[PDB]
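Novice: For the record, the sequence lines run as chains c and d.
Heads up: the first sequence begins at 156 in the authors' numbering, then just goes up one per residue.
Heads up: the second sequence begins at 142 in the authors' numbering, then just goes up one per residue.
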Amino acid sequence: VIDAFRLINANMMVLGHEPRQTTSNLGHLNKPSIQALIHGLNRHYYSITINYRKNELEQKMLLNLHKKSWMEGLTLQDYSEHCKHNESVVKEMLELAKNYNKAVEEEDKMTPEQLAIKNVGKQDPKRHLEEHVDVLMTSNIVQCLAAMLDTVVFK
Amino acid sequence: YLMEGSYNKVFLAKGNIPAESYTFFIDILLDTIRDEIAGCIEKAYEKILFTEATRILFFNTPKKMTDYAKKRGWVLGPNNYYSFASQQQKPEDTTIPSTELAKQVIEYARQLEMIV
């Protein structure tokens with residue numbers, strides 16, 4: 156949020172004339188906020204449009220943020236915490252599996268107009284299991300592939 | 142009889158045909174069967190007596206056993222023959238998977254995160 160302003164004088168307004176003669180329609184693209192109108196604004200000062208100049212060199216330099224070294228992409232993590240994480244995930248998967256059919260059975264025993272409000276205080280396994288599936292698949296696939304190519308990159 | 146390994150009945154019936162001579166084809170079958178039996182004996186044996194081959198293959202003692210062994214090289218004499226098998230080529234190497242399994246995982250990832 157950045158704005159730019161210039162002042163005006165009231166004597167010229169006494170003459171029945173308004174400043175900032177208009178020659179084109181590119182000056183009225185943004186409507187002012189109500190709080191700017193609440194204060195002085197057009198009866199005391201006028202805002203002007205703003206722009207940012209961009210060149211290729213600084214923009215190309217600036218995109219290096221959060222880039223990581225070539226070491227971080229070849230480490231294959233410990234083979235002891237990975238199985239612990241998989242074991243942890245599988246149990247909640249099992250519990251959500253057990254809780255799924257209870258909500259599946261009663262999906263139509265109640266009028267659908269209040270169906271949405273029925274899910275306002277308690278969790279639903281259908282939405283709460285997909286994230287487990289996604290993270291689990293991603294971790295397993297990437298951990299396999301890293302070791303797969305590393306077995307032959309080095310000797 | 143030929144489909145499975147039973148071979149004695151083939152040569153037994155080869156001297157018993159009620160239709161006609163049929164000798165133009167039984168000889169070809171005999172040659173092929175003798176060759177394949179020679180091929181089979183080469184496997185799963187590290188020791189055998191010289192006369193045992195003469196018993197299994199119906200040429201008894203026509204001097205053809207030594208020329209036949211010249212055809213199928215064999216190794217040693219002393220009334221004995223030997224064969225050697227390795228079969229460890231497929232095991233003990235993980236480099237051969239390293240590329241095809243990488244391709245398979247790449248395929249999983251490719252067909253897992255494309256908008257259809």
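Quick reminder that beta carbons are idealized off the backbone N, C-alpha and C, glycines included.
Are the Cβ atoms of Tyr222 (chain d) and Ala194 (chain d) separated by less than 9 Å?
Specialist: The answer is yes: Cβ separation under 9 Å.
Novice: How close, in whole Å, do the beta carbons of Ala159 (chain c) and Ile205 (chain c) come, if the pair is a contact with beta carbons under 8 Å?
Specialist: Rounded, the Cβ-Cβ distance is 6 Å, consistent with contact.
Novice: Alpha helix (DSSP H) containing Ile296 (chain c): first to last residue?
Specialist: From DSSP, the alpha helix (DSSP H) with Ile296 (chain c) extends over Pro280 to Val308.
Novice: Just to make sure I have the definition right: I need the residues of chain c whose C-beta is within less than 7 Å of the C-beta of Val257 (chain d). Which are they?
Specialist: Simply none; closest approach about 17 Å.
Novice: Which residues, taken in chain order from the segment 233-255 of chain d, show a beta carbon closer than 8 Å to some beta carbon of chain c?
Specialist: Going along the segment 233-255 of chain d in chain order, one finds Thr235, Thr236, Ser239, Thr240, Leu242, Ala243, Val246, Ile247, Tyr249, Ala250 and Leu253 with a Cβ nearer than 8 Å to chain c.
Novice: Along the chain, where does the beta strand (DSSP E) that runs through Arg161 (chain c) open and close?
Specialist: Taken as a continuous stretch (DSSP letters only), the beta strand (DSSP E) holding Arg161 (chain c) covers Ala159 to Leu162.
Novice: May I ask you to list the residues that DSSP assigns as paired with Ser202 (chain c)?
Specialist: Answer by DSSP bridge pairing, in chain order: c:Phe160.
Novice: Secondary structure at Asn157 (chain d), three-state DSSP: helix, strand or coil?
Specialist: It is coil, neither helix nor strand.
Novice: Which same chain residues end up closer than 8 Å to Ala258 (chain c) when comparing Cβ atoms and leaving out the 5 residues on each side of it in sequence?
Specialist: Within the same chain, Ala258 (chain c) has close Cβ partners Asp279, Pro280 and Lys281.
Novice: I'd like to know whether the C-beta atoms of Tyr142 (chain d) and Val151 (chain d) end up nearer to each other than 9 Å.
Specialist: Taking 9 Å as the Cβ cut-off, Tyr142 (chain d) and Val151 (chain d) qualify as a contacting pair.
Novice: Pick helix, strand or coil for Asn201 (chain d), following the three-state DSSP scheme.
Specialist: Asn201 (chain d): coil per DSSP, three-state reduction.
Novice: Would you say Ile158 (chain d) and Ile167 (chain d) are within 9 Å of each other, going by their C-beta atoms?
Specialist: Contact: yes.
Novice: Can you give the Cα-Cα distance for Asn166 (chain c) and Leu220 (chain c), rounded to whole angstroms?
Specialist: Their backbone Cα atoms lie some 53 Å apart in a straight line.
Novice: Mind checking which residues open and close the alpha helix (DSSP H) that includes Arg213 (chain d)?
Specialist: Neither: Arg213 (chain d) is in no alpha helix (DSSP H) and is coded neither H nor E.
Novice: State the DSSP-derived secondary structure class of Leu190 (chain d), mapped to helix, strand or coil.
Specialist: It is a strand residue.
Novice: Considering just the uninterrupted stretch of the alpha helix (DSSP H) at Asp263 (chain c), what are its terminal residues?
Specialist: Unbroken run through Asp263 (chain c): none, as it is neither H nor E.
Novice: Below 9 Å between beta carbons is the criterion; list the residues of the segment 197-231 of chain c that meet it against any residue of chain d, in chain order.
Specialist: For the segment 197-231 of chain c, which is checked against every Cβ of chain d, not one residue is closer than 9 Å.
Novice: What residue does the alpha helix (DSSP H) around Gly180 (chain d) start on, and which one ends it?
Specialist: Here the alpha helix (DSSP H) through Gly180 (chain d) covers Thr164 to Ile182.
Novice: Could you tell me the boundaries of the alpha helix (DSSP H) in which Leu217 (chain c) lies?
Specialist: That run of the alpha helix (DSSP H) goes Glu211 to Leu217.
Novice: Got a sec? Which residues, its chain only, sit under 6 Å from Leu291 (chain c) by beta carbon, not counting five neighbours each side?
Specialist: For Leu291 (chain c), where only same-chain residues beyond five positions count, the Cβ hits under 6 Å are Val244.
Novice: What three-state label does DSSP hand residue 315 (chain c) in the structure shown?
Specialist: Look at the range of chain c in this structure, 156 to 310, and you will see that residue 315 (chain c) is not part of it.
Novice: Taking only beta carbons into account, state which residues of the segment 251-282 of chain c come closer than 9 Å to chain d, listed in chain order.
Specialist: Going along the segment 251-282 of chain c in chain order, one finds no residue with a Cβ nearer than 9 Å to chain d.
Novice: Just checking my contact of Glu247 (chain c) with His287 (chain c) at CB under 8 Å: how many whole Å lie between their CB atoms?
Specialist: That belief holds up - the Cβ atoms of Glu247 (chain c) and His287 (chain c) are roughly 7 Å apart, short of 8 Å.
Novice: Looking at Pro174 (chain c): is its Cβ nearer than 9 Å to the Cβ of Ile163 (chain c)?
Specialist: Their beta carbons are under 9 Å apart, which means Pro174 (chain c) touches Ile163 (chain c) by this criterion.
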